[PDB]
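Just one chain is shown here, as structure tokens, and it is the form solved without the DNA.
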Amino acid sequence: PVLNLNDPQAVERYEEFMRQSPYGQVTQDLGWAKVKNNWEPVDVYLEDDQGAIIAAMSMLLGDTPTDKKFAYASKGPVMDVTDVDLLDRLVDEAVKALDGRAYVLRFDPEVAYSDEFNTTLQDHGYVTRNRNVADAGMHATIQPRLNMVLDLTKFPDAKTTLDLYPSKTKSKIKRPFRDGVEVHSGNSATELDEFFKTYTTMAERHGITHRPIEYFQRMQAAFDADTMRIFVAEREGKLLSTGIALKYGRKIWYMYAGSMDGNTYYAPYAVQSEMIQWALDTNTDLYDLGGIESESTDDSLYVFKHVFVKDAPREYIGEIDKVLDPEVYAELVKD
């Protein structure tokens, strides 16, 4: 069935399934639609024999240069996507709800890539985009397929961040604190302003754009202090670096960051240490540092993230496309 967003009770039942699911994703929470307020939301789900929700997909529809919309379910759907028969049923429900308005329904779930899974998906009629497409550019995947994820379940007795690392790394992490860096966290308007200042400074320093502050304000209003947390690192009254982390489902995700110009006394390391500590304190299974361009020292993102994740980066299946309008798909999507 399709979710009636104006039915408070239906909405809550949908949310409860999402929040309690081991496959839950913050970008699949109905709150994500409130953040992406310039996109159109359409959500569907399936029920078992008892009428209990067993699978759900939150879609956001975007505009294109054509008469069709782009339907995207970021890191969804919420279920075991390898159960392709169930997936098809959920997707059939989504296509019904789209009612011919989109040229494609794309979803990029956080499931491991494998030749067998890629093949099955194609066998079921989907078009997959992973090892067969450019690493970067407007043709690359929306989300990076390679991600640096720390599996905390490998350290069941870990009490603090330092317990997860070898001495050489313990030293790197201890440095900022040794030099006076202190981190405070929360999800108040003041923490947001601190983040925004470092965020925009960072953007200007690299000559890149940045999202408006309202984007983050909507995020703060959509998620509570137990879900969204802003970490601010300072040294003797001086703002140095910050980071925003989201706790949802089985992981805490490091999503945004910012650092001032000049000397930052390795503050970014202290921010990471604190986010990881939050994961340990809440018994969260995974800590996700996000994507990398490539597993190489020639990649700055990899170099930094490799300090906290020594295991191989996780490689996801990529984008799974349910083509609805072939002509438009060929025009707007290429390898």
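Throughout, we count residues from 1 along the sequence that is shown. Definition used throughout: the rigid core is the maximal C-alpha set that superposes within 1.5 Å between two forms. Only residues modelled in both forms are compared.
Stretches 308-316 and 17-25 differ in mean C-alpha B factor, with the higher average recorded for 308-316. Comparing 203-211 with 158-166, the stretch with the higher mean C-alpha B-factor in the PDB entry is 203-211.
When the C-alpha B factors of 40, 43, 285, 298 are read from the deposited coordinates, the top value falls at 298. Of the candidates 151, 108, 88, 226, the deposited coordinates give 226 the top C-alpha B factor.
Compared with the other modelled residues of the chain, the Cα B-factor recorded for residue 96 ranks in the highest third. Among all modelled residues in its chain, residue 131 ranks in the highest third by Cα B-factor. Ranked by Cα temperature factor within the chain, residue 251 sits in the middle third according to the deposited record.
Looking at the C-alpha B-factors along this chain, the one for residue 238 belongs to the highest third. Ranked by C-alpha B-factor against the other modelled residues of its chain, residue 77 falls in the lowest third.
As for the form solved in complex with the DNA, it is not shown, yet the points below apply to it.
This chain is displayed without the DNA, yet in the deposited complex the stretch 197-205 from 146-154, 219-227, 96-104, 197-205 comes within 4.5 Å of it by heavy atoms. With a 4.5 Å cutoff on heavy atoms, residue 249 does not count as touching the DNA in the deposited complex; it lies far away. In the deposited complex, at least one heavy atom of residue 269 sits within 4.5 Å of a heavy atom of the DNA. Contact between residue 257 and the DNA in the deposited complex is found at the 4.5 Å heavy atom cutoff.
Although the partner is absent here, residue 300 is a contact residue: one of its heavy atoms lies within 4.5 angstroms of the DNA in the deposited complex.
Put simply, after the core is superposed between this form and the one not shown, 137 is the one residue in 137, 212, 166, 156 with a Cα shift of at least 2 angstroms. Compared with the form shown here, the Cα atoms of residue 135 and residue 288 move at least 3 Å farther apart in the deposited complex. Relative to what is shown, residue 291 and residue 135 are farther apart in the deposited complex; their C-alpha atoms differ in spacing by at least 3 Å. Shifted stretches between this form and the one not shown, defined as 3+ consecutive common residues each with a CA displacement of 2 angstroms or more after rigid core fitting, are limited to 134-139.
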